Amino acid sequence: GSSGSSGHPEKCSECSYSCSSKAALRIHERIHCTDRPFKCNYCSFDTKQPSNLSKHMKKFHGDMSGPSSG
Ligand SMILES: [Zn+2]
Ligand SMILES: [Zn+2]
């Protein structure tokens, strides 16, 4: 932890987000919400379509050294 910290009674495990009122924190957690089921493994790319992700895999992560064949 580079940046100092006051010492809030509650904090977020996902990010360095902390609040005074517990209930408040929970509300913040919402920030880590997602509507698109299909998510990428390489990057944080999420699409509400099965094809959008497929083509995206190669679109960006296509000319990469993944499989040990070729
Ligand atoms: Zn957070
Ligand atoms: Zn990706």
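Numbering (this note's numbering), first residue to last: 12 to 81. Backbone N, C-alpha and C fix where the C-beta goes; we use that ideal spot for every residue, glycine too.
Review point. Helix, strand or coil: how does DSSP classify residue 65 here?
Key: In the three-state DSSP reduction, residue 65 falls in the helix class (H, G or I).
Point to revise | Assigned exposure category for residue 19 - 16 Cβ within 10 Å defines buried | key: exposed
Point to revise | Sequence-distant residues of its chain with Cβ nearer than 6 Å to residue 50 (five each side left out) | key: 57
Point to revise | residue 26 vs residue 38 beta-carbon contact at 9 Å | key: no
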